[PDB]
Structure formats: C-alpha cells, structure tokens
file my_file.cif (mmCIF, C-alpha atoms and all ligand atoms)
data_target
loop_
_atom_site.label_atom_id
_atom_site.label_comp_id
_atom_site.auth_asym_id
_atom_site.auth_seq_id
_atom_site.Cartn_x
_atom_site.Cartn_y
_atom_site.Cartn_z
CA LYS A 6 -78.25 87.93 24.39
CA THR A 7 -80.99 87.45 21.78
CA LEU A 8 -84.48 86.63 23.03
CA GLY A 9 -83.97 83.16 21.57
CA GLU A 10 -80.83 82.62 23.65
CA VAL A 11 -82.82 83.59 26.74
CA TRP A 12 -85.54 81.13 25.71
CA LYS A 13 -82.97 78.35 25.41
CA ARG A 14 -81.57 79.06 28.87
CA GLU A 15 -85.03 79.13 30.45
CA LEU A 16 -85.99 75.97 28.59
CA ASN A 17 -83.16 74.06 30.26
CA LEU A 18 -84.19 75.30 33.71
CA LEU A 19 -87.63 73.68 33.49
CA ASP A 20 -88.12 70.61 35.66
CA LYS A 21 -89.07 67.32 34.00
CA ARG A 22 -92.83 67.86 34.22
CA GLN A 23 -92.62 71.57 33.32
CA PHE A 24 -90.73 70.61 30.17
CA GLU A 25 -93.08 67.83 29.02
CA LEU A 26 -96.10 70.12 29.36
CA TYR A 27 -94.35 73.00 27.62
CA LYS A 28 -93.21 70.97 24.60
CA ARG A 29 -96.76 70.37 23.29
CA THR A 30 -98.39 73.58 24.56
CA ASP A 31 -100.65 74.96 21.81
CA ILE A 32 -98.90 72.96 19.10
CA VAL A 33 -100.50 71.37 16.05
CA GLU A 34 -99.65 67.77 15.17
CA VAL A 35 -100.73 65.14 12.72
CA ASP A 36 -102.41 61.96 13.92
CA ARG A 37 -99.90 59.21 13.16
CA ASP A 38 -102.01 56.27 14.40
CA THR A 39 -103.01 54.93 10.98
CA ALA A 40 -99.62 55.42 9.38
CA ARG A 41 -97.86 53.67 12.27
CA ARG A 42 -100.23 50.71 12.09
CA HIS A 43 -99.83 50.37 8.32
CA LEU A 44 -96.04 50.61 8.45
CA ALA A 45 -95.93 48.12 11.33
CA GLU A 46 -97.90 45.73 9.13
CA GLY A 47 -95.58 46.24 6.17
CA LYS A 48 -98.23 47.87 3.96
CA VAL A 49 -96.63 49.77 1.08
CA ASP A 50 -99.63 50.62 -1.08
CA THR A 51 -101.88 52.62 1.24
CA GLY A 52 -100.32 56.04 0.70
CA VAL A 53 -99.40 56.70 4.32
CA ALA A 54 -96.41 58.89 5.16
CA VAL A 55 -93.22 57.24 6.37
CA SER A 56 -92.64 60.03 8.89
CA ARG A 57 -94.08 63.28 10.25
CA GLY A 58 -91.78 65.03 7.80
CA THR A 59 -94.21 64.58 4.92
CA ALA A 60 -96.83 66.80 6.58
CA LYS A 61 -94.11 69.33 7.45
CA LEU A 62 -93.04 69.76 3.84
CA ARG A 63 -96.64 69.75 2.65
CA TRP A 64 -97.36 72.75 4.87
CA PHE A 65 -94.61 74.78 3.17
CA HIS A 66 -95.51 73.54 -0.31
CA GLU A 67 -99.27 74.14 -0.17
CA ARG A 68 -98.86 77.82 0.69
CA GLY A 69 -96.04 78.63 -1.70
CA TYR A 70 -93.14 78.85 0.77
CA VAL A 71 -91.32 76.40 -1.49
CA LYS A 72 -92.11 75.24 -5.01
CA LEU A 73 -91.22 71.60 -5.69
CA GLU A 74 -90.10 71.39 -9.31
CA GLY A 75 -87.91 69.43 -11.68
CA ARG A 76 -84.80 67.81 -10.23
CA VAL A 77 -85.17 67.53 -6.46
CA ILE A 78 -82.31 66.77 -4.07
CA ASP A 79 -83.01 65.91 -0.42
CA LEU A 80 -80.00 66.15 1.91
CA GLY A 81 -80.52 64.16 5.11
CA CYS A 82 -83.57 62.34 3.79
CA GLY A 83 -83.83 59.84 6.66
CA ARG A 84 -86.82 57.53 6.16
CA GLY A 85 -87.72 59.67 3.15
CA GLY A 86 -90.81 61.67 4.14
CA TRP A 87 -89.77 64.63 1.99
CA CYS A 88 -88.67 62.44 -0.91
CA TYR A 89 -92.01 60.67 -1.12
CA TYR A 90 -93.92 63.92 -0.80
CA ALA A 91 -91.88 65.51 -3.59
CA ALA A 92 -92.13 62.44 -5.83
CA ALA A 93 -95.94 62.67 -5.79
CA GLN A 94 -96.00 66.20 -7.23
CA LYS A 95 -96.65 66.58 -10.97
CA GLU A 96 -94.06 69.37 -11.31
CA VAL A 97 -91.25 67.13 -10.01
CA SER A 98 -89.31 65.05 -12.55
CA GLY A 99 -86.92 63.20 -10.28
CA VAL A 100 -85.80 62.89 -6.66
CA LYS A 101 -82.38 62.06 -5.25
CA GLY A 102 -82.22 61.50 -1.50
CA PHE A 103 -79.04 61.16 0.56
CA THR A 104 -78.69 60.14 4.20
CA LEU A 105 -76.32 58.46 6.67
CA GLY A 106 -78.56 55.51 7.49
CA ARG A 107 -76.00 53.90 9.78
CA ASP A 108 -74.95 53.69 13.42
CA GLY A 109 -78.40 54.63 14.68
CA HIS A 110 -79.30 57.01 11.85
CA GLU A 111 -82.62 56.24 10.15
CA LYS A 112 -82.39 54.37 6.87
CA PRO A 113 -84.67 55.13 3.89
CA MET A 114 -88.01 53.33 4.06
CA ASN A 115 -89.39 51.64 0.95
CA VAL A 116 -93.08 52.21 0.29
CA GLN A 117 -94.85 52.60 -3.02
CA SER A 118 -96.69 55.87 -2.76
CA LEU A 119 -97.05 57.85 -6.02
CA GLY A 120 -93.75 58.37 -7.81
CA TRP A 121 -91.69 56.05 -5.66
CA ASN A 122 -90.11 54.91 -8.95
CA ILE A 123 -88.58 58.33 -9.63
CA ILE A 124 -86.75 58.41 -6.30
CA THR A 125 -83.15 57.29 -5.96
CA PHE A 126 -82.22 56.75 -2.30
CA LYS A 127 -78.56 56.66 -1.29
CA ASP A 128 -77.57 55.83 2.29
CA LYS A 129 -74.15 55.65 3.97
CA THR A 130 -73.70 59.21 2.76
CA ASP A 131 -72.38 62.18 4.74
CA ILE A 132 -73.82 65.14 2.84
CA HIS A 133 -71.13 67.50 4.18
CA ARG A 134 -68.56 65.69 2.03
CA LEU A 135 -70.90 64.97 -0.88
CA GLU A 136 -69.87 66.82 -4.03
CA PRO A 137 -72.66 69.23 -5.04
CA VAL A 138 -74.85 68.23 -7.98
CA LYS A 139 -76.98 70.52 -10.16
CA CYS A 140 -80.69 70.49 -9.28
CA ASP A 141 -83.76 72.70 -9.45
CA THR A 142 -85.11 72.18 -5.94
CA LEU A 143 -82.80 71.75 -2.93
CA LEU A 144 -84.17 70.33 0.32
CA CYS A 145 -82.27 69.73 3.56
CA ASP A 146 -83.78 68.75 6.90
CA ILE A 147 -80.65 68.38 9.05
CA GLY A 148 -80.07 69.76 12.53
CA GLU A 149 -79.58 67.75 15.72
CA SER A 150 -80.83 69.42 18.89
CA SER A 151 -78.43 70.07 21.77
CA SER A 152 -78.99 71.41 25.26
CA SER A 153 -76.10 73.79 24.49
CA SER A 154 -77.01 76.91 22.51
CA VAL A 155 -73.37 77.19 21.42
CA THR A 156 -73.50 73.64 20.05
CA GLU A 157 -76.81 74.23 18.26
CA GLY A 158 -75.23 77.33 16.75
CA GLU A 159 -72.18 75.41 15.56
CA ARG A 160 -74.33 72.67 14.03
CA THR A 161 -76.59 75.20 12.31
CA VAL A 162 -73.73 77.20 10.82
CA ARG A 163 -72.20 73.97 9.51
CA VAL A 164 -75.47 73.02 7.78
CA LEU A 165 -75.81 76.49 6.24
CA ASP A 166 -72.15 76.38 5.24
CA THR A 167 -72.59 73.11 3.38
CA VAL A 168 -75.91 74.13 1.85
CA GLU A 169 -74.38 77.32 0.45
CA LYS A 170 -72.12 75.12 -1.72
CA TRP A 171 -75.22 73.58 -3.27
CA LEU A 172 -77.15 76.83 -3.65
CA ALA A 173 -74.08 78.26 -5.39
CA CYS A 174 -74.69 75.78 -8.23
CA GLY A 175 -77.86 77.65 -9.09
CA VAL A 176 -81.16 76.45 -7.65
CA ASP A 177 -84.67 77.79 -8.22
CA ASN A 178 -86.24 76.46 -5.02
CA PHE A 179 -85.07 75.53 -1.55
CA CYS A 180 -86.26 74.53 1.92
CA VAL A 181 -83.50 74.14 4.49
CA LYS A 182 -83.80 73.46 8.21
CA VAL A 183 -82.16 76.09 10.42
CA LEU A 184 -81.91 74.46 13.86
CA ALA A 185 -80.96 77.53 15.87
CA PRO A 186 -81.91 80.73 14.01
CA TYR A 187 -81.77 82.58 17.34
CA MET A 188 -77.96 82.39 17.51
CA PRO A 189 -76.19 85.66 16.47
CA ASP A 190 -73.81 84.08 13.97
CA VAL A 191 -76.68 82.17 12.39
CA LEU A 192 -78.82 85.29 11.98
CA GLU A 193 -75.94 87.00 10.22
CA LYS A 194 -75.27 84.03 7.93
CA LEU A 195 -78.97 84.05 7.04
CA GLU A 196 -78.88 87.78 6.26
CA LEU A 197 -75.89 87.18 4.00
CA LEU A 198 -77.59 84.23 2.29
CA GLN A 199 -80.74 86.28 1.72
CA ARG A 200 -78.74 88.99 -0.03
CA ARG A 201 -77.20 86.29 -2.21
CA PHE A 202 -80.08 83.87 -2.84
CA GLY A 203 -83.20 85.59 -1.54
CA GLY A 204 -85.74 83.75 0.60
CA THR A 205 -86.35 84.04 4.34
CA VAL A 206 -86.91 81.88 7.43
CA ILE A 207 -90.33 80.57 8.39
CA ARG A 208 -91.59 78.73 11.48
CA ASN A 209 -93.58 75.56 10.67
CA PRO A 210 -96.60 75.18 12.99
CA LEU A 211 -95.90 71.44 13.22
CA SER A 212 -92.55 72.04 14.93
CA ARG A 213 -92.58 71.34 18.68
CA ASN A 214 -91.93 74.04 21.30
CA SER A 215 -88.74 72.39 22.55
CA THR A 216 -86.92 73.46 19.38
CA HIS A 217 -86.51 76.91 17.83
CA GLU A 218 -86.08 75.36 14.37
CA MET A 219 -87.21 77.43 11.39
CA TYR A 220 -86.78 76.81 7.66
CA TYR A 221 -84.90 78.91 5.10
CA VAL A 222 -87.25 78.91 2.11
CA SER A 223 -87.29 80.46 -1.35
CA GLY A 224 -90.99 81.38 -1.58
CA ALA A 225 -91.01 84.44 0.65
CA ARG A 226 -88.84 87.40 1.53
CA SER A 227 -88.97 89.16 4.87
CA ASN A 228 -86.74 90.61 7.55
CA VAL A 229 -85.09 87.58 9.14
CA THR A 230 -84.36 89.29 12.46
CA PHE A 231 -87.99 90.30 12.80
CA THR A 232 -89.49 86.90 12.04
CA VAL A 233 -86.98 84.96 14.13
CA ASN A 234 -87.76 87.20 17.11
CA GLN A 235 -91.48 86.77 16.51
CA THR A 236 -90.94 83.04 16.97
CA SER A 237 -88.81 83.64 20.08
CA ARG A 238 -91.65 85.72 21.50
CA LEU A 239 -94.20 82.99 20.79
CA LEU A 240 -92.05 80.25 22.34
CA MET A 241 -91.46 82.38 25.43
CA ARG A 242 -95.15 83.16 25.82
CA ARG A 243 -95.95 79.44 25.74
CA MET A 244 -93.41 78.72 28.47
CA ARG A 245 -95.07 81.29 30.74
CA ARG A 246 -98.49 79.72 30.10
CA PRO A 247 -98.07 75.90 30.00
CA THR A 248 -101.17 73.87 29.07
CA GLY A 249 -100.04 70.94 26.96
CA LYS A 250 -103.10 71.61 24.82
CA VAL A 251 -102.57 69.97 21.43
CA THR A 252 -104.58 70.23 18.21
CA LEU A 253 -104.66 67.08 16.07
CA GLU A 254 -104.85 67.28 12.29
CA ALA A 255 -105.21 64.55 9.66
CA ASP A 256 -101.89 63.13 8.45
CA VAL A 257 -101.01 63.18 4.75
CA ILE A 258 -102.27 60.38 2.52
CA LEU A 259 -100.66 60.34 -0.91
CA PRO A 260 -101.95 58.59 -4.02
CA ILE A 261 -100.15 55.34 -4.87
CA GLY A 262 -98.27 53.68 -7.71
CA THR A 263 -95.64 54.49 -10.28
CA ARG A 264 -95.47 57.60 -12.42
CA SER A 265 -94.93 56.28 -15.93
CA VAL A 266 -94.37 57.05 -19.61
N1 LIG B 301 -85.40 71.22 31.31
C1 LIG B 301 -85.37 70.22 30.42
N2 LIG B 301 -85.05 70.47 29.16
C2 LIG B 301 -85.06 69.35 28.40
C3 LIG B 301 -85.34 68.06 28.79
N3 LIG B 301 -85.23 67.19 27.71
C4 LIG B 301 -84.91 67.96 26.70
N4 LIG B 301 -84.81 69.29 27.05
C5 LIG B 301 -84.51 70.41 26.16
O1 LIG B 301 -85.41 70.37 25.07
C6 LIG B 301 -84.67 70.49 23.83
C7 LIG B 301 -85.41 69.81 22.68
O2 LIG B 301 -84.95 68.46 22.48
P1 LIG B 301 -86.00 67.26 22.20
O3 LIG B 301 -87.35 67.73 21.83
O4 LIG B 301 -86.01 66.38 23.55
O5 LIG B 301 -85.38 66.29 21.07
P2 LIG B 301 -85.40 66.70 19.51
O6 LIG B 301 -84.34 65.72 18.78
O7 LIG B 301 -85.08 68.13 19.30
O8 LIG B 301 -86.84 66.30 18.90
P3 LIG B 301 -87.60 64.97 19.37
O9 LIG B 301 -86.98 63.74 18.54
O10 LIG B 301 -89.12 65.12 18.85
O11 LIG B 301 -87.54 64.75 20.83
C8 LIG B 301 -83.28 69.97 24.17
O12 LIG B 301 -82.30 70.52 23.30
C9 LIG B 301 -83.08 70.45 25.61
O13 LIG B 301 -82.55 71.76 25.70
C10 LIG B 301 -85.68 67.80 30.14
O14 LIG B 301 -85.97 66.73 30.67
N5 LIG B 301 -85.67 68.97 30.90
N1 LIG B 302 -74.16 64.62 7.79
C1 LIG B 302 -75.25 63.95 7.40
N2 LIG B 302 -75.31 63.38 6.20
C2 LIG B 302 -76.39 62.71 5.81
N3 LIG B 302 -77.44 62.58 6.60
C3 LIG B 302 -77.44 63.12 7.82
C4 LIG B 302 -76.34 63.84 8.27
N4 LIG B 302 -76.61 64.28 9.48
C5 LIG B 302 -77.83 63.87 9.81
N5 LIG B 302 -78.35 63.17 8.80
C6 LIG B 302 -79.70 62.58 8.74
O1 LIG B 302 -80.63 63.64 8.48
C7 LIG B 302 -81.92 63.14 8.86
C8 LIG B 302 -82.69 64.30 9.49
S1 LIG B 302 -84.44 63.91 9.83
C9 LIG B 302 -85.14 64.09 8.14
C10 LIG B 302 -86.60 63.66 8.05
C11 LIG B 302 -87.10 63.72 6.61
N6 LIG B 302 -87.21 65.12 6.17
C12 LIG B 302 -88.48 63.05 6.52
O2 LIG B 302 -89.42 63.74 6.06
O3 LIG B 302 -88.55 61.86 6.90
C13 LIG B 302 -81.68 62.00 9.85
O4 LIG B 302 -82.02 60.74 9.26
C14 LIG B 302 -80.17 62.07 10.10
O5 LIG B 302 -79.66 60.75 10.29
#

call {"tool": "encode", "arguments": {"input": "my_file.cif", "output": "structure tokens"}}
result
Amino acid sequence: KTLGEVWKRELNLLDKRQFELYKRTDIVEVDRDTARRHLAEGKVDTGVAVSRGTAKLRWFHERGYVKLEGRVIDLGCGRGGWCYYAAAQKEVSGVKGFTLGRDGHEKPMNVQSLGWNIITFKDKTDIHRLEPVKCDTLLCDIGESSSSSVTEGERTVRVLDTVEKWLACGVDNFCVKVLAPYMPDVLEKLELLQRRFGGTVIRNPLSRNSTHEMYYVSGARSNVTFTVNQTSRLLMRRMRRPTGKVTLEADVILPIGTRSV
C-alpha cells in the first residue's frame, strides 16, 4: 500500500506506447555513441566506459555518497563498469570483481583504462554463495527487474541479506543497489541496516523511470522512508505528465594505462 507499490501497479497498466514514453520522461543519460563505436572496434586504450554503470558510480563518488578507498570488492560486476571506475581512483589500492558471466549473464570486458592491472575479475561466480572477504569498500549492483512487485521485493531482500554478511566483516564504504526500496519489508530491512551500519538510500538521476531502484550508500544519512517516498512521488508525477524528454550528458572518459610501482 506504499506509494511505490501503487506506482508499480500503474506502471504495468500503461499501454506499450505509454510505457516507452514514460521510461525516458525527464531523465538524464550519458551519450554512449563514442564508447559503443570504440568497443565495437576492439579499442582498449581510449578510456571509454564498458557500460553505463561507470557514469552511475561516478555520480555517487563525485558528490561524496560513497568514498572509493583501499580494497574494493564489486559483487555482480558484469562487464566491469564499476571495477574500471574504481581502479582509476588514486585512493583505491586493489579491485576484486565477481560475476556470473554465463548462460546469458554479461562477462567481464577487458579494456586497459587506468588501473586495469589492479583489477582481478572472477566470473562463473554466484555471489550469494561466495564466502565474504575483508575489504574497505563494498560495491554491489545486483537486482533484476520483475513486473511483479512481490518478486522485486523478494529479489531485493535476498541481495540485502547477502550484502549484510559482507558488511558484517567491517567495511568503511559501500554502494549497494536496492531494486525495490518501495516494498514494505525492504524499507524495514533498510531501517535495520541503517541502525547497524549507517548510510541511507539515494536515487541516481541516471536511473530510468521504469525502475524504482535506489542505492544504499555510506556517505549520507537520512530518513529512508522519507527519501524513498520522495522518489515514488517523482516517478508518479512523471507518469501523469509523459514527454519522453531526455537530457544527454557526456559519458565518462578515464585516463589509460597501468598504475605502477
Ligand atoms: N505496461 C508496461 N510495462 C512494461 C513494459 N515493459 C516493461 N514494463 C515494466 O517496466 C519495468 C522496467 O523493466 P525494464 O526497464 O523493461 O528492464 P530493466 O532490466 O529494468 O532495465 P533495462 O535493461 O534498461 O530495460 C518492468 O519491471 C515492467 O513492470 C511494457 O511493454 N508495458
Ligand atoms: N547471483 C549473482 N552472482 C553474481 N553475479 C550476478 C548475480 N546475479 C546477477 N549477477 C550479475 O550482476 C550484474 C548486474 S549489472 C552490473 C553493471 C556494473 N555495475 C557495470 O558498471 O557494468 C549482471 O552482470 C548480472 O549477470
């Protein structure tokens, strides 16, 4: 009965065209033209991002929502957009990325943007059964959308449940995707996590309107119920005023090469 649950129900009632228009209404997105061309040509030394995820993490990082320091672990790294972004930061000493990379799941992409040499990619890995390892910065960008709010809730609670095992090891920084923060059980788990590890949930402006995803981050503290409902209100307002109006921003270009010595 949360506003977010109402949003989800109304989202599914939209006809095909209503939905397409709604999804990009007033959203911000990076121009991926150059990156796509470079990757298609096999270029590995131009600094382009392997996915839209790089710009997503940059947004949190550049405004202090998450500090990227020391030993970084990236659960559900996919192509590696977050791993490459983290590897290029002076404060980061090493990056370990884990992902399924099988049966349709994206495999890590190998490019040589700054610090590629300090990244250790590991595919064929289900992070829910991966024994926690000590790190300083914990990242996780997992959460598969579902037309069912109940299913999105189940998937979100499972991610938070697994991530809590890792946070329990003692981590200074974190940025974790929360697919369905609007679900009651999820809100409560977040409130419990906040009392245990601090942080709060923040909506990334690069997220599309078809998902209510928000990220649990260590760099801010605020009432989770309030902020999640603020996002529900914004998503609902956009559905009542469809325009498809998008604002393009420059994609991230990282320096290149190894970090040595
Ligand atoms: N009414 C309606 N809802 C849809 C349609 N397609 C998807 N949705 C809804 O939109 C939600 C968002 O899913 P998507 O954006 O399509 O996929 P995603 O994996 O979350 O992200 P993308 O990979 O960028 O598409 C889904 O969970 C559905 O509830 C459609 O054709 N009509
Ligand atoms: N249980 C699991 N274990 C490991 N990886 C998983 C997983 N469930 C989903 N994934 C992977 O998590 C990834 C989420 S998309 C991550 C994008 C990444 N942040 C970037 O910037 O490129 C997908 O590749 C998905 O295959």

call {"tool": "residues_near_ligand", "arguments": {"input": "my_file.cif", "ligand": "ligand LIG 302 (chain B)", "cutoff": "7 Å", "atoms": "only C-alpha atoms and all ligand atoms", "output": "PyMOL selection string"}}
result
chain A and resi 55-59+80-87+103-106+110-112+130-133+146-148

call {"tool": "closest_residue", "arguments": {"input": "my_file.cif", "among": "A:250, A:265, A:69, A:187", "to": "residue 238 of chain A", "atoms": "only C-alpha atoms"}}
result
A:187

call {"tool": "residues_near_ligand", "arguments": {"input": "my_file.cif", "ligand": "ligand LIG 301 (chain B)", "cutoff": "9 Å", "atoms": "all atoms listed in the file", "output": "number ranges by chain"}}
result
A: 13-25, 28, 148-154, 157, 184, 212-218

call {"tool": "closest_residue", "arguments": {"input": "my_file.cif", "among": "A:118, A:74, A:6, A:65", "to": "residue 263 of chain A", "atoms": "only C-alpha atoms"}}
result
A:118

call {"tool": "residues_around", "arguments": {"input": "my_file.cif", "residues": "residue 142 of chain A", "least_positions_apart": "2", "cutoff": "10 Å", "atoms": "all atoms listed in the file", "output": "NGL selection string"}}
result
:A and (71-79 or 91 or 97 or 100 or 139-140 or 144 or 172 or 175-180 or 223)

call {"tool": "residues_around", "arguments": {"input": "my_file.cif", "residues": "residue 219 of chain A", "least_positions_apart": "3", "cutoff": "10 Å", "atoms": "only C-alpha atoms", "output": "ChimeraX atom specification"}}
result
/A:180-187,205-210,212,216,222,232-233,236

call {"tool": "atom_distance", "arguments": {"input": "my_file.cif", "atom1": "atom CA of residue 37 of chain A", "atom2": "atom CA of residue 122 of chain A"}}
result
24.6 Å

call {"tool": "atom_distance", "arguments": {"input": "my_file.cif", "atom1": "atom CA of residue 200 of chain A", "atom2": "atom CA of residue 161 of chain A"}}
result
18.6 Å

call {"tool": "atom_distance", "arguments": {"input": "my_file.cif", "atom1": "atom CA of residue 44 of chain A", "atom2": "atom CA of residue 262 of chain A"}}
result
16.6 Å

call {"tool": "closest_residue", "arguments": {"input": "my_file.cif", "among": "A:134, A:107, A:264, A:246", "to": "residue 29 of chain A", "atoms": "all atoms listed in the file"}}
result
A:246

call {"tool": "closest_residue", "arguments": {"input": "my_file.cif", "among": "A:12, A:50, A:156, A:108", "to": "residue 245 of chain A", "atoms": "all atoms listed in the file"}}
result
A:12

call {"tool": "decode", "arguments": {"input": "my_file.cif", "residues": "segment 152-178 of chain A", "atoms": "N, CA, C and O atoms", "output": "mmCIF file, in the first residue's frame"}}
result
data_model
loop_
_atom_site.group_PDB
_atom_site.id
_atom_site.type_symbol
_atom_site.label_atom_id
_atom_site.label_comp_id
_atom_site.auth_asym_id
_atom_site.auth_seq_id
_atom_site.Cartn_x
_atom_site.Cartn_y
_atom_site.Cartn_z
ATOM 1 N N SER A 152 8.017 -7.686 -13.346
ATOM 2 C CA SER A 152 6.742 -6.989 -13.412
ATOM 3 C C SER A 152 5.989 -7.168 -12.094
ATOM 4 O O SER A 152 5.077 -6.405 -11.787
ATOM 5 N N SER A 153 6.385 -8.171 -11.309
ATOM 6 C CA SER A 153 5.745 -8.437 -10.020
ATOM 7 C C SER A 153 6.447 -7.714 -8.874
ATOM 8 O O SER A 153 7.640 -7.915 -8.649
ATOM 9 N N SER A 154 5.708 -6.874 -8.152
ATOM 10 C CA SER A 154 6.281 -6.153 -7.022
ATOM 11 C C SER A 154 6.719 -7.145 -5.944
ATOM 12 O O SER A 154 7.725 -6.933 -5.265
ATOM 13 N N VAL A 155 5.967 -8.228 -5.781
ATOM 14 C CA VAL A 155 6.330 -9.231 -4.779
ATOM 15 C C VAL A 155 7.692 -9.825 -5.139
ATOM 16 O O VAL A 155 8.571 -9.961 -4.286
ATOM 17 N N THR A 156 7.871 -10.159 -6.412
ATOM 18 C CA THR A 156 9.129 -10.725 -6.873
ATOM 19 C C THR A 156 10.283 -9.731 -6.725
ATOM 20 O O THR A 156 11.381 -10.109 -6.313
ATOM 21 N N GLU A 157 10.050 -8.462 -7.054
ATOM 22 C CA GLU A 157 11.122 -7.482 -6.908
ATOM 23 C C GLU A 157 11.478 -7.362 -5.430
ATOM 24 O O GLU A 157 12.638 -7.147 -5.085
ATOM 25 N N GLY A 158 10.477 -7.499 -4.567
ATOM 26 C CA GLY A 158 10.724 -7.418 -3.137
ATOM 27 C C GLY A 158 11.583 -8.583 -2.690
ATOM 28 O O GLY A 158 12.564 -8.404 -1.971
ATOM 29 N N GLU A 159 11.222 -9.783 -3.130
ATOM 30 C CA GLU A 159 11.976 -10.978 -2.767
ATOM 31 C C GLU A 159 13.429 -10.871 -3.220
ATOM 32 O O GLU A 159 14.354 -11.172 -2.464
ATOM 33 N N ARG A 160 13.633 -10.435 -4.458
ATOM 34 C CA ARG A 160 14.973 -10.303 -5.004
ATOM 35 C C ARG A 160 15.793 -9.253 -4.266
ATOM 36 O O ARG A 160 16.993 -9.429 -4.063
ATOM 37 N N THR A 161 15.142 -8.165 -3.866
ATOM 38 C CA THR A 161 15.821 -7.099 -3.146
ATOM 39 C C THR A 161 16.215 -7.550 -1.742
ATOM 40 O O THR A 161 17.331 -7.288 -1.293
ATOM 41 N N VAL A 162 15.306 -8.224 -1.048
ATOM 42 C CA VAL A 162 15.628 -8.682 0.298
ATOM 43 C C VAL A 162 16.761 -9.703 0.244
ATOM 44 O O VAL A 162 17.604 -9.740 1.136
ATOM 45 N N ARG A 163 16.807 -10.518 -0.805
ATOM 46 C CA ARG A 163 17.883 -11.500 -0.909
ATOM 47 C C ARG A 163 19.237 -10.805 -1.089
ATOM 48 O O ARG A 163 20.243 -11.222 -0.502
ATOM 49 N N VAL A 164 19.268 -9.749 -1.903
ATOM 50 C CA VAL A 164 20.503 -9.005 -2.123
ATOM 51 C C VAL A 164 20.963 -8.362 -0.815
ATOM 52 O O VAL A 164 22.134 -8.449 -0.448
ATOM 53 N N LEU A 165 20.037 -7.718 -0.113
ATOM 54 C CA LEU A 165 20.377 -7.067 1.149
ATOM 55 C C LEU A 165 20.821 -8.096 2.178
ATOM 56 O O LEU A 165 21.717 -7.832 2.979
ATOM 57 N N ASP A 166 20.191 -9.267 2.141
ATOM 58 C CA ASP A 166 20.520 -10.347 3.064
ATOM 59 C C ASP A 166 21.954 -10.818 2.842
ATOM 60 O O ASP A 166 22.714 -11.011 3.787
ATOM 61 N N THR A 167 22.336 -10.998 1.586
ATOM 62 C CA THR A 167 23.690 -11.421 1.284
ATOM 63 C C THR A 167 24.690 -10.316 1.607
ATOM 64 O O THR A 167 25.734 -10.560 2.212
ATOM 65 N N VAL A 168 24.369 -9.089 1.211
ATOM 66 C CA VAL A 168 25.266 -7.976 1.453
ATOM 67 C C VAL A 168 25.541 -7.751 2.941
ATOM 68 O O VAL A 168 26.650 -7.381 3.313
ATOM 69 N N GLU A 169 24.546 -7.997 3.787
ATOM 70 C CA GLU A 169 24.743 -7.829 5.226
ATOM 71 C C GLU A 169 25.876 -8.732 5.739
ATOM 72 O O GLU A 169 26.586 -8.371 6.686
ATOM 73 N N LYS A 170 26.053 -9.896 5.119
ATOM 74 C CA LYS A 170 27.128 -10.801 5.533
ATOM 75 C C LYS A 170 28.471 -10.129 5.303
ATOM 76 O O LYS A 170 29.390 -10.248 6.116
ATOM 77 N N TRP A 171 28.582 -9.415 4.184
ATOM 78 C CA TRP A 171 29.817 -8.731 3.834
ATOM 79 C C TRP A 171 30.035 -7.479 4.672
ATOM 80 O O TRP A 171 31.151 -7.213 5.100
ATOM 81 N N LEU A 172 28.976 -6.709 4.906
ATOM 82 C CA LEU A 172 29.111 -5.510 5.726
ATOM 83 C C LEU A 172 29.508 -5.899 7.145
ATOM 84 O O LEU A 172 30.240 -5.168 7.814
ATOM 85 N N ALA A 173 29.043 -7.064 7.589
ATOM 86 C CA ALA A 173 29.348 -7.536 8.940
ATOM 87 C C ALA A 173 30.838 -7.789 9.156
ATOM 88 O O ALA A 173 31.288 -7.918 10.293
ATOM 89 N N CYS A 174 31.609 -7.860 8.074
ATOM 90 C CA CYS A 174 33.046 -8.084 8.184
ATOM 91 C C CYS A 174 33.756 -6.797 8.555
ATOM 92 O O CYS A 174 34.922 -6.815 8.948
ATOM 93 N N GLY A 175 33.047 -5.679 8.424
ATOM 94 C CA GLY A 175 33.632 -4.391 8.742
ATOM 95 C C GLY A 175 34.089 -3.694 7.476
ATOM 96 O O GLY A 175 35.174 -3.981 6.973
ATOM 97 N N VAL A 176 33.270 -2.780 6.965
ATOM 98 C CA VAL A 176 33.606 -2.051 5.751
ATOM 99 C C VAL A 176 33.418 -0.553 5.973
ATOM 100 O O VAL A 176 32.447 -0.132 6.608
ATOM 101 N N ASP A 177 34.343 0.250 5.455
ATOM 102 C CA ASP A 177 34.252 1.696 5.612
ATOM 103 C C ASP A 177 33.255 2.321 4.636
ATOM 104 O O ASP A 177 32.498 3.222 4.992
ATOM 105 N N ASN A 178 33.249 1.832 3.402
ATOM 106 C CA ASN A 178 32.385 2.406 2.379
ATOM 107 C C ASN A 178 31.564 1.368 1.647
ATOM 108 O O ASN A 178 32.004 0.230 1.480
#
